[PDB]
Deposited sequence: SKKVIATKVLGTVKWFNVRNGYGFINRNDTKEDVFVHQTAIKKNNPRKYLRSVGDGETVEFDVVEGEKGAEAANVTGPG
């Protein structure tokens, strides 16, 4: 999977722990990117909370762009 962008900031629109995925709104493009639980760095469960600010890379998965290496902004 190709890295599209790096160190992108965004706000978690929602993340459902039951389905194991959610969406993050990129602050730079205002577009939603898919985020799966496996793509989140640990100590985060592998989860993020609604409305929180996260930093992440954007990569090209099988069904389009998605987040990777998702953490807090520090």
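Annotation: deposited residues 1, 46 to 49 are not represented by C-alpha coordinates in the model.
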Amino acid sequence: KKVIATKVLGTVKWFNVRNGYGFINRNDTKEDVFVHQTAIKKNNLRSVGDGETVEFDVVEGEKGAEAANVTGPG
From here on, numbers count along this sequence of modelled residues.
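Rigid core (definition): largest C-alpha set, two forms, superposition within 1.5 Å.
The higher RMS C-alpha distance to the shown form in 6 other deposited structures of this protein, out of 59 to 67 and 7 to 15, belongs to 59 to 67, with every structure fitted on the core. In at least a third of the other compared PDB entries of this protein that cover both flanking sides, residue 43 is left without coordinates.
When 6 to 14 is weighed against 59 to 67, 59 to 67 comes out higher, by mean CA B-factor as recorded in the entry. Sort the chain's modelled residues by C-alpha temperature factor and residue 27 lands in the lowest third, per the entry. When the modelled residues of the chain are ordered by C-alpha B-factor, residue 45 sits in the highest third.
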